[PDB]
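Okay, so here's the structure we're looking at.
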Amino acid sequence: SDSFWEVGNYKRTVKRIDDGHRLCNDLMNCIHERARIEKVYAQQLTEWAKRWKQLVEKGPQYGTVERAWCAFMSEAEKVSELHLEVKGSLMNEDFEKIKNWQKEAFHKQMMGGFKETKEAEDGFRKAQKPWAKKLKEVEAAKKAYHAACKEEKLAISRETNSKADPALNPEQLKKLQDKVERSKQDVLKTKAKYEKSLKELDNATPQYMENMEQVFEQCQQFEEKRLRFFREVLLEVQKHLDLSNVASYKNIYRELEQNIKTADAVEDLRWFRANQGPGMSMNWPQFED
Amino acid sequence: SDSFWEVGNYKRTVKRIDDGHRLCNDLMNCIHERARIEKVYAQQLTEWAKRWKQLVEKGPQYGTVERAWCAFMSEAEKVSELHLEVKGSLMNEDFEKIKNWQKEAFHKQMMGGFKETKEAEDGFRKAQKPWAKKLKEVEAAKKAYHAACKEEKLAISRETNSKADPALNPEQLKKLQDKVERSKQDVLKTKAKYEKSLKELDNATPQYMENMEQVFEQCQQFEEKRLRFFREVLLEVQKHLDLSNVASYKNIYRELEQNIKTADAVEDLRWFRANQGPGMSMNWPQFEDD
């Protein structure tokens, strides 16, 4: 069957160790690709802000409304910086934390594979070998007993089949009656040895189960570290992504609203009247020589 | 000078009308391009979420930690959705609002240009024409007076320059002393005309300023609507960009923290033990015959 207790079925547990290292890679890559997306967003906002600050300044819009318009681009620059901090945190802290953890947990061998994996497999084998030897003996004794059971059944099926032949002197009967007695004993002998090997196996099961449990718990604890670590890192990632908790993010739009509200149509119009319209001084024609 | 009150210098005001339309385009394109950046961010998050929800599920990670990991992708899907709402608001509300306002404020004429600009142009010209017409007459009367001052000074000069000529004659004296008198009375006439032209110009100045202010005031009004509109739109734009307000954004990371915390190492370990470890049932060897 597929039971863990069957010889060699500890392999799923050993394989989980290798999968642990592979999953650290996936998580690192997962965070890295997310960080890259944050950078692209930041970069495009920066270009957009730089582009339009230039287009507004070169253009015919001036006064307080120009300043209000420019506040819009300043918002993009601040949001951009914020998202670059997200990238920074994901890479310099979270990503690097997994990288260091993986480096300390998994040690690659010259011939390939991790020492941690080999240690578990060697552990299971050491615990399972004594029980596997006794199990080998039971199988052999089972064959010997089953064989003698048939050899003894084939003798009776010859003794009773001879009681039809009339030419049956007592020598031929004693021959067949002794073949049955000899086979009867060959069965009892093997039944005992086959029963003995089972008792020796049952007496080895407790130690076998204890030793396998011991190595299995080491594998569980090692896995426990990775799982709890994954839970830990993910909570730190959600911190770095969450901008709804940082005060500076709210300040961006509090300040943006303030600067936009400084837009004063009255003031802009006052200026145009005084410096471009009827408000300008004028030398009205006078008498001259 | 470059004074507004000088002929033709109303042009800067008329030009401001055209700039108004151009600035609507700039503002629309400015918002439009910002909206595109939002969409790109939303799209990349979506693909990243789709990509890794698949990689994690096909991978060897299972149990509650898998679910916690998957909550990370779900966060990106929700932020993406949130930023697509920003894009939608910027385009369907803000961008569209400017487009409709522009359509209503500026009307292109068949021969090019805007009806609004031609109105201001014609208004200024109509109000300036009668004042400029009087100004031309003044300049003409000014020259005629200055020229009379020259022709006179020449007469006085040539009169005294004959007082040093031995061949003088009471006839040529009377003749050239009369030219001095003609140029003299020719001066005061042109002086009186040049003064009268200025007096007429001074009487036409009040209406000139009144009519000029009237057209300019209308230009100020038209401009005020644009400025106040820009202030209104931008304030609606900053609302649509501000995710720090909406509770939905804060819920994304409340739920994310919540789902991650569901990760339970002990539960995952107990599972592996039961279905893959010592917990599994076992048909231990018994006695068997036949």
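Give the order of A:18, B:268, A:289 when sorted by the count of other beta carbons within 10 angstrom, beginning with the fewest.
A:289, A:18, B:268
Mind checking the log10 I(q)/I(0) for chain B at q = 0.07, 0.10 Å⁻¹? Debye, one equal scatterer per Cα, no solvent, two decimals.
-0.63, -0.84
Can you work out the FRET efficiency for the pair residue A:163 and residue A:193, with r the C-beta to C-beta distance and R0 = 51 Å, to the nearest 0.05? Provide the component values of the computation, followed by the final result.
On the way: r = 33 Å, r/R0 = 0.65.
Result of the calculation: an efficiency of 0.95.
Dipole size in debye (nearest 20) for the stretch B:187-290 around its Cα centre, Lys and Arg Cβ +1, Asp and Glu Cβ -1? Don't jump to the answer; show the numbers that get you there.
On the way: 15 positive and 19 negative charges, 302 e Å.
Computed about the Cα centre, the dipole is about 1440 debye.
Could you give log10 I(q)/I(0) at q = 0.11 Å⁻¹ for the stretch A:29-127, computed by the Debye formula over C-alpha point scatterers of equal weight, without solvent?
Taken in order of the listed q values, log10 I(q)/I(0) reads -0.57.
Express the Stokes-Einstein translational diffusion coefficient of the stretch A:131-278 in µm² s⁻¹, to the nearest whole number, given a Kirkwood radius over alpha-carbon pairs, 4 °C and a viscosity of 1.567 mPa s.
Numbers: Rh = 25.3 Å.
Approximately 51 µm²/s, per Stokes-Einstein.
Near the amide H of residue A:114, under 5 Å away, which other amide H atoms are found, from residues 5 or more places off or on another chain, if H is placed in the peptide plane?
When sequence neighbours closer than 5 places are left aside, the close amide H contacts are A:109.
Can you list, bin by bin at 5 Å, the percent of alpha carbon pairs in the stretch B:220-290, starting at 0?
Going from the shortest bin to the longest, the percentages are 3, 11, 8, 8, 8, 7, 7, 6, 6, 5, 5, 5, 4, 4, 4, 3, 2, 2, 1, 1, 1, 1, 0.
Based on Cβ point charges of +1 for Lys and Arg and -1 for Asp and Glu, what charge dipole magnitude is obtained for the stretch A:1-279 about its Cα centre, in debye rounded to the nearest 20? Could the numbers behind the result be given before it?
Values: 53 positive and 48 negative charges, 282 e Å.
Charge dipole of the stretch A:1-279: 1360 debye, to the nearest 20.
Determine the shielding of peptide A:270-281 by partner chains: average, over its residues, the number of Cβ atoms on other chains within 10 angstrom of each Cβ. Could you put the intermediate results ahead of the total?
On the way: counts 1, 0, 8, 6, 1, 2, 8, 13, 11, 3, 7, 4.
Mean shielding count: 5.
In angstroms, what radius of gyration and Dmax does the stretch B:197-255 have, counting Cα atoms only?
In order Rg, Dmax, the Cα atoms of the stretch B:197-255 give 25.7, 86 Å.
Round to a whole angstrom and tell me the spacing of the C-alpha centers of the stretch A:236-259 and the stretch B:123-198.
81
Please identify which residues in the stretch A:223-248 have an amide N closer than 18 Å to a label point set 7 Å out from the Cα of residue B:67, following the Cα→Cβ vector.
Output list for this probe position: A:227-232, A:234-235.
Given the -39500 (n - 2.57) contribution per DSSP H run of 4+ residues, what per-residue ellipticity at 222 nm results for chain A, rounded to the nearest 500 deg cm²/dmol? Kindly include the intermediate steps, with their values, before the conclusion.
On the way: 8 runs with 227 residues, N = 289.
One gets -28000 deg cm²/dmol as the mean residue ellipticity at 222 nm.
Quick one: grab Rg to one decimal and Dmax as a whole number for the protein assembly as shown, Cα atoms only, in Å.
Calculated on Cα positions, Rg and Dmax stand at 52.3, 210 Å.
Within 10 Å of each residue's Cβ, count the other Cβ atoms and sort A:64, B:205 from fewest upward. All intermediate terms of the calculation are to be shown ahead of the outcome.
Values: A:64 20, B:205 16.
With the sparsest Cβ surroundings first, the list reads B:205, A:64.
When we count neighbours, we look across all protein chains shown, and the Cβ atoms used for this are built from the backbone with ideal geometry, even at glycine. Throughout, read-outs are computed from the coordinates displayed, never taken from laboratory work.
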